[PDB]
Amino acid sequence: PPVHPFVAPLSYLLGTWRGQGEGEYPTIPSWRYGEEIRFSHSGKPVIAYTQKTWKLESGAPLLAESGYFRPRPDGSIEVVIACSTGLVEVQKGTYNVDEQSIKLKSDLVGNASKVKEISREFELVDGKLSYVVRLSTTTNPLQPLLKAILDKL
């Protein structure tokens, strides 16, 4: 199907991406992971998102998440994500065509009592997809949790 007009400004996402990331948080010693993301569509004003992570040495699976990105022509966007850990997120924010960036903050995090907010920010940098995930908890204000850079396949 053709790309819906509302998806076309984010057409640079469409495809599969692979790279690696790092996590760290005040309670949690640093760790690294491999990551794959696929963005796809079926002609609707929605981009399907699917993601998985693995251990770098072995390729052993770690976690997975999936959901849907819903951009609108005013530059607004909402994103819904379900995670293999048992959390859900409703993310809302904006995308910027000139910067090839997407900036999201949670309206809601479901099923995760200690986690309060999650933000997710993407940027295309020299054709690579970079992001930062930030997380707050009851006692820790919003701050970096995950960062990754992925090459387009």
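Residue numbers here begin at 1 and follow the sequence given.
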Between 101 to 109 and 27 to 35, which has the larger average Cα B-factor in the PDB entry?
27 to 35
59 to 67 versus 113 to 121 - greater average Cα B-factor per the deposited record
113 to 121
In the PDB entry, which of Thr94, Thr50, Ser42, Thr53 has its C-alpha at the highest B-factor?
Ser42
Taking only the Cα B-factors deposited for this chain, tell me whether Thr16 sits in the lowest, middle or highest third.
lowest
Looking at the entry's B-factor column for C-alpha atoms only, identify whether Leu146 ranks in the lowest, middle or highest third of its chain.
middle
Using the B-factors in the PDB entry, rank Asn140's C-alpha atom against the chain and give the third, lowest, middle or highest.
highest
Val88 - which third its CA temperature factor falls in, relative to the rest of the chain
middle
